[PDB]
Amino acid sequence: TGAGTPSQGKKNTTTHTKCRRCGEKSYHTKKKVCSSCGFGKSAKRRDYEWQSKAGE
Amino acid sequence: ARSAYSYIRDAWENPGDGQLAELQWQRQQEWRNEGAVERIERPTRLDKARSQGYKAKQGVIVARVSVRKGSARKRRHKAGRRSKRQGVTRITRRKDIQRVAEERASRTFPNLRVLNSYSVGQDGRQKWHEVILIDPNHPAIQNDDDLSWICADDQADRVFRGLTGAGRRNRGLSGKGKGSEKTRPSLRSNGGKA
Amino acid sequence: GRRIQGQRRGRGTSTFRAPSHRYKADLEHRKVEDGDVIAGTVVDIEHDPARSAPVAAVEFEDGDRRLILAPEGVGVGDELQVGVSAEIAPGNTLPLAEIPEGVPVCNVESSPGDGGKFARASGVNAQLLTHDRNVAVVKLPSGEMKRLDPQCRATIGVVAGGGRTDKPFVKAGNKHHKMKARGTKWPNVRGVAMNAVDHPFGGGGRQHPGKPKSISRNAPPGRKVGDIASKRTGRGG
Amino acid sequence: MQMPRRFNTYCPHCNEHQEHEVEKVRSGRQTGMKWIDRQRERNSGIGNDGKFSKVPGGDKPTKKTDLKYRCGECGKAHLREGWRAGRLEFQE
RNA sequence: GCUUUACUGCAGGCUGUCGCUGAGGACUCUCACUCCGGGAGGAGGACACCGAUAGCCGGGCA
RNA sequence: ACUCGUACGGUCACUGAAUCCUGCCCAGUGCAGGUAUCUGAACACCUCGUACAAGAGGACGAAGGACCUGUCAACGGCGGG
RNA sequence: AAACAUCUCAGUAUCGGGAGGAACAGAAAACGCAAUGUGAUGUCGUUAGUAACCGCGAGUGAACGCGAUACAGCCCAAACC
Ligand SMILES: [Cl-]
Ligand SMILES: [Cl-]
Ligand SMILES: [Cl-]
Ligand SMILES: [Cl-]
Ligand SMILES: [K+]
Ligand SMILES: [Mg+2]
Ligand SMILES: [Mg+2]
Ligand SMILES: [Mg+2]
Ligand SMILES: [Mg+2]
Ligand SMILES: [Mg+2]
Ligand SMILES: [Mg+2]
Ligand SMILES: [Mg+2]
Ligand SMILES: [Mg+2]
Ligand SMILES: [Mg+2]
Ligand SMILES: [Mg+2]
Ligand SMILES: [Mg+2]
Ligand SMILES: [Mg+2]
Ligand SMILES: [Mg+2]
Ligand SMILES: [Mg+2]
Ligand SMILES: [Mg+2]
Ligand SMILES: [Mg+2]
Ligand SMILES: [Mg+2]
Ligand code: NA
Ligand code: NA
Ligand code: NA
Ligand code: NA
Ligand code: NA
Ligand code: NA
Ligand code: NA
Ligand code: NA
Ligand SMILES: [Sr+2]
Ligand SMILES: [Sr+2]
Ligand SMILES: [Sr+2]
Ligand SMILES: [Sr+2]
Ligand SMILES: [Sr+2]
Ligand SMILES: [Sr+2]
Ligand SMILES: [Sr+2]
Ligand SMILES: [Sr+2]
Ligand SMILES: [Sr+2]
Ligand SMILES: [Sr+2]
Ligand SMILES: [Sr+2]
Ligand SMILES: [Sr+2]
Ligand SMILES: [Sr+2]
Ligand SMILES: [Sr+2]
Ligand SMILES: [Sr+2]
Ligand SMILES: [Sr+2]
């Protein structure tokens, strides 16, 4: 079976959902962790300096 | 005449001799069975505490903290490094154990502020320090002419920023002249070369 | 290279774990204050997934129902005893000190009160040899003379299920089924059959370890493969 | 080659010709207190140590004469250029 | 990326030493510490574990 | 983690059902054991040096090596005259 | 660094923790234009690519002082009660 088109038909699982905390569709309903704001992982908000250019 | 305090002090100049030696041999047995941070009603070294600002009053807390002895507990580089940055064993951290101790204590008592700390011995695998913490919200302290300074907003979490006595020493701020070119006014402002 | 299989094991991931949630019970001797007035009745014989051997369910006087490491020759109804005074018959447990020399024993404790450490496998047994006030000498299944505290408890007789090893698996499917009941990754791919990146013996046009197999005791994990600190090899001499 | 142990030649000290005694230069022992010694300790630690991780170079097939020339009257010695010599044995 | 008796290092293991650590080139003891025991208590014991350092091995890794 | 496991165990490897078989080689390399003697670091100790210190040398000497032994279903070898 | 290991890029990127409107520093166990001299601390200009470091290679790199800005000095522990 090819890893492309034929394997795309098996995709009917729900993982990322609208997050209660930030509103983004990034709350992983299985991990119960938001990949966007960090909800479920940390009280503090998910942030990183690499989200922008170094001198900016 | 000599103060009673001086005797406590004089005993602690040689914690390995005399009565104190036997007291430590006994105590450490109990201490080893205590937690990482144990609050205590009275300083083990009264003279030192009072000398550092301690007072028998409301809002003054003292806690003993133990920390693992030795150098750093570092993980080897998982990515490529030049011989220089491959070291793992003989590398030590930049904060002394007393500082690590003051911080753990302050975490245990979120509302309190570290005033000062001092050593109370160690065995072959750990070190103990007692920490004096102050309740900046208690009126008995907001009114003390000798401690109300620690109530100011900018004194919040002072220990986490190196404002402690052990903090300042460890930052190379002792000397006022030669040798402090890169420590004063801050390590960060000097590019971190101190 | 990449970590070898022996190193993947240590992480204790599912692939390398034992089906513990499926295991029946810990077969440690009962704990008695003293007196030996402890007796129970074998209420049933069961199969132990973890050892491929039978185990006996016993109901004790004080109302304690517990599985026991059963020796050969124990059946429902039979009464067992556990204590310093316990009778000297197959299936009973008592400290070595009370056991008569020359008597095959099983489920021997390493340290008095641990519940049993030695001789617990199918059809095996330790042999109590010497008595004393300071040391009970036992001969373990491997043929080793072990000096133990006479206060160490044990069970008279040999472990049930002897001979299990005398019949061959004949087919892979049988190994398969047994392996699925153990904390073991099976089947086994030879080192020599892997790529250089996966094992010290990998690589090369034809298969062959490109090095001697006897490895030093001081070898680090990842390199300690083949014949570990062998005192010798082969069948000769 | 052969070499006289003593002979008349110019002593740059007396500023005149006098008998001299020739001797092979014996290596002087180190103290371990020179600056280079302190730099080795200062600059050697974890990993490679730059120059202090290098090791003794090679050897030339033949070495040059390494001799001391001692004046027979003032007792002082002087050095001269050397010349390649497989062997140097003194006569007497 | 891979290999090795390439160069240089780094983990890791073995080993000595110092601290933990006590009493009377081999020895006894118990009180720290360790382990077994539900507990009493038992086993071991200044060793071992751990911190530091030194020598050896060291494509397991860079 | 193995492990509610304990040598009829389980870990590490090689060969690859049954059948008939599996010779010679331990010099080199590997592993392991032993070791009078040799070599073998640091601390402590001793001498010289320094009113101290740096430093030089000595004595002691662990593992290791030299040396000896075991081992090829251990890496491998089994030629020319 | 025309490779590269010390060095460099750099205490930079990035990560953990924490405060404020600014932070940090700060009233000498200082300096050492050695003096019959200066007098808490930042910072700005300069001192200076100087001293110092360095496969003494490539490169790295202060301070005292001086001219400025702004200026401000105090509180405990103990003795005795
Ligand atoms: Cl604080
Ligand atoms: Cl099996
Ligand atoms: Cl010469
Ligand atoms: Cl001045
Ligand atoms: K680099
Ligand atoms: Mg007052
Ligand atoms: Mg600043
Ligand atoms: Mg059991
Ligand atoms: Mg399985
Ligand atoms: Mg296979
Ligand atoms: Mg292949
Ligand atoms: Mg490999
Ligand atoms: Mg083959
Ligand atoms: Mg335990
Ligand atoms: Mg490589
Ligand atoms: Mg094959
Ligand atoms: Mg095949
Ligand atoms: Mg380059
Ligand atoms: Mg640097
Ligand atoms: Mg160059
Ligand atoms: Mg720099
Ligand atoms: Mg200066
Ligand atoms: Na706090
Ligand atoms: Na240096
Ligand atoms: Na590649
Ligand atoms: Na051989
Ligand atoms: Na280049
Ligand atoms: Na290159
Ligand atoms: Na350099
Ligand atoms: Na001037
Ligand atoms: Sr397939
Ligand atoms: Sr298809
Ligand atoms: Sr699906
Ligand atoms: Sr979470
Ligand atoms: Sr962040
Ligand atoms: Sr806070
Ligand atoms: Sr058990
Ligand atoms: Sr148990
Ligand atoms: Sr191979
Ligand atoms: Sr043979
Ligand atoms: Sr250095
Ligand atoms: Sr080095
Ligand atoms: Sr040459
Ligand atoms: Sr066959
Ligand atoms: Sr051999
Ligand atoms: Sr002023």
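Naming convention: chains lettered A, B, ... in sequence-line order (proteins, then strands); numbering from 1 in each chain. No hydrogens, no waters, no symmetry mates; every other heavy atom, side chains included, goes into these values.
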Inter-nucleotide [atom1] distance ([N], [M]), Å rounded:
| N | M | atom1 | result |
| --- | --- | --- | --- |
| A19(G) | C7(G) | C1' | 38 Å |
| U22(F) | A73(F) | P | 12 Å |
| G32(G) | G20(G) | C1' | 39 Å |
| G40(F) | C57(E) | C1' | 15 Å |
| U6(F) | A36(F) | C1' | 44 Å |
| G77(F) | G28(F) | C1' | 11 Å |
| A52(G) | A22(G) | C1' | 36 Å |
| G65(F) | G5(F) | P | 41 Å |

When you measure from the side chain of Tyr23(C) to the backbone of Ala181(C), do you find a donor-acceptor pair of N or O atoms at a distance under 3.5 Å?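 Flag set: sc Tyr23(C) to bb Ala181(C) pair under 3.5 Å.
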Any sub-3.5 Å donor-acceptor pair from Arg223(C)'s side-chain atoms to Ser216(C)'s backbone N or O? no
Ignoring hydrogens and angles, answer whether the base of [N] and the side-chain atoms of [X] contain a donor-acceptor pair closer than 3.5 Å.
| X | N | value |
| --- | --- | --- |
| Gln86(B) | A62(E) | yes |
| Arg82(B) | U8(G) | yes |
| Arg94(B) | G11(G) | yes |
| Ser83(B) | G9(E) | no |

What about [N] and [M]: are they a Watson-Crick or G-U wobble pair, with both distances under 3.5 Å?
| N | M | value |
| --- | --- | --- |
| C33(E) | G44(E) | yes |
| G38(E) | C7(E) | no |
| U41(G) | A13(G) | no |
| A30(G) | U46(G) | no |

Indicate whether OP1 or OP2 belonging to [N] is found under 4.0 Å from a side-chain N or O atom of [X].
| X | N | value |
| --- | --- | --- |
| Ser53(D) | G9(E) | yes |
| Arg120(C) | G5(F) | yes |
| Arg29(D) | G57(F) | yes |
| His77(B) | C61(E) | no |
| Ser189(B) | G42(G) | no |
| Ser20(C) | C4(F) | yes |
| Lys51(D) | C56(G) | yes |
| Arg168(B) | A25(G) | yes |
| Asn48(D) | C7(E) | no |
| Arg9(C) | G10(F) | no |
| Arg184(B) | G26(G) | yes |

Letter per nucleotide, 5' to 3', of nucleotides 35-52 of chain E [B base touched, S only sugar-phosphate touched, - untouched; heavy atoms, 4.0 Å]: -SSB-----------BSS
Grab the two heavy atoms, one from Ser122(C) and one from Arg51(C), that are nearest each other, plus how far apart they are.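 Residues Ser122(C) and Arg51(C), closest heavy atoms: OG-O, 3.9 Å.
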Distance under 6.0 Å and angle within 45° of the ring axis: does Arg2(B) meet both against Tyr7(B)?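 Pair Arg2(B)/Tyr7(B) counts as cation-pi.
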Closest-nucleotide 5' rank along RNA chain F - winner of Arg235(C) and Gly162(C): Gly162(C)
For RNA chain F, whose closest nucleotide is more 5', that of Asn218(C) or that of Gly226(C)? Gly226(C)
Using heavy-atom distances to pick each residue's nearest nucleotide on RNA chain E, tell me which of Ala196(C) and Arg90(B) is more 5'.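 Closest to the 5' end, via its nearest nucleotide, is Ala196(C).
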First encountered from the 5' end of RNA chain E, between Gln29(B) and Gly1(C):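 Between the two, 5'-proximity favours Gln29(B).
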Tell me whether the sugar of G59(E) sits north or south, going by the sign of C1'-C2'-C3'-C4' (positive is north, negative is south).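 The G59(E) sugar sits on the south side, the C2'-endo region.
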Given [options], which nucleotide is nearest the side-chain atoms of [X]?
| X | options | value |
| --- | --- | --- |
| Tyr5(B) | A78(G), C14(E), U15(F) | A78(G) |
| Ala18(C) | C4(F), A62(G), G9(E) | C4(F) |
| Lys213(C) | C14(F), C10(E), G55(F) | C14(F) |
| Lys44(A) | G17(G), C14(F), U6(F) | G17(G) |
| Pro185(B) | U43(G), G5(F), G16(F) | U43(G) |
| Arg223(C) | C12(F), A78(G), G60(E) | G60(E) |
| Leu173(B) | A1(F), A10(G), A25(G) | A25(G) |
| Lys176(B) | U3(F), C75(G), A27(G) | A27(G) |
| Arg232(C) | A62(G), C10(E), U71(F) | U71(F) |
| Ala229(C) | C8(F), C31(F), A25(G) | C31(F) |

Does [X] reach a base, just sugar-phosphate, or nothing at all? Heavy atoms under 4.0 Å.
| X | value |
| --- | --- |
| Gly203(C) | nothing |
| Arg9(B) | nothing |
| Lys231(C) | base |

Charged N-O contact under 4.0 Å between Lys213(C) and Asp227(C):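 Salt bridge flag = yes for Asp227(C) with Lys213(C).
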Going by the angle between their ring planes, with limits at 30° and 60°, are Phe201(C) and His199(C) parallel, tilted or perpendicular?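 Correct class here is perpendicular.
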Would you say the bases of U15(F) and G16(F) stack, taking the criterion to be ring centres below 5.5 Å apart together with planes below 30 degrees?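 Both cut-offs are satisfied, so the bases of these neighbours are stacked.
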Check: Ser52(C)/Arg182(C) side-chain N/O donor and acceptor closer than 3.5 Å: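 Yes, a side-chain donor-acceptor pair sits under 3.5 Å.
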If pairs are Watson-Crick or G-U with both distances under 3.5 Å, what is the dot-bracket string of RNA chain F, marking crossing pairs with [ ] and pairs to another strand with |? ......................(((..(((((((..(((.....((((......)))).....))))))))..)))))...
How many whole angstroms separate atom CZ of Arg104(B) from atom P of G16(G)? 19 Å
